[PDB]
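Here you get one chain, nothing else, as structure tokens; it is the form deposited in one PDB entry.
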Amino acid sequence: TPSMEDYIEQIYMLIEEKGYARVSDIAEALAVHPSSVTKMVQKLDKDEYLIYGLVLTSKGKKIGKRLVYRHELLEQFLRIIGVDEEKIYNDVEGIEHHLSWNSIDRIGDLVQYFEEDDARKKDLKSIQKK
């Protein structure tokens, strides 16, 4: 689920940032109410992603790491092709849940393509001028 993925992504980031994740911090991070959070935490607990402060299971840590990687990759991709920095976060937040792993992997190869030769970025920039 897209929303469930947003939660796991955020929880993982808080644990890496503060060392733990409070219901209050999750609520403010997703701009939602603490009641909503608690309801999701129960489902995640039952699905074995975390125990409940709240601790992630090996399963939750694996998925969390993957989601943060996916988010970071997509921001890097949009940045490389020249998207206005101010529009990147909201676009990534919207598309990240609707891309298959096959698409993410191919975008990964695309980012690598442009990173291995700066002349390629200049050629892309040229077309943007025209």
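Just count from 1 along the sequence shown to find any residue number.
Unmodelled stretch separating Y52 from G53: 4 to 9 residues (count of deposited-sequence residues without coordinates). For the pair 64-72 and 29-37, the record assigns the higher mean C-alpha temperature factor to 29-37.
Just going by the entry, 114-122 versus 9-17 on mean CA temperature factor gives the higher value to 114-122. Highest CA B-factor among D105, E48, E96, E86, as stated in the entry: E48.
Of the candidates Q42, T57, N90, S100, it is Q42 whose Cα B-factor is highest according to the PDB record.
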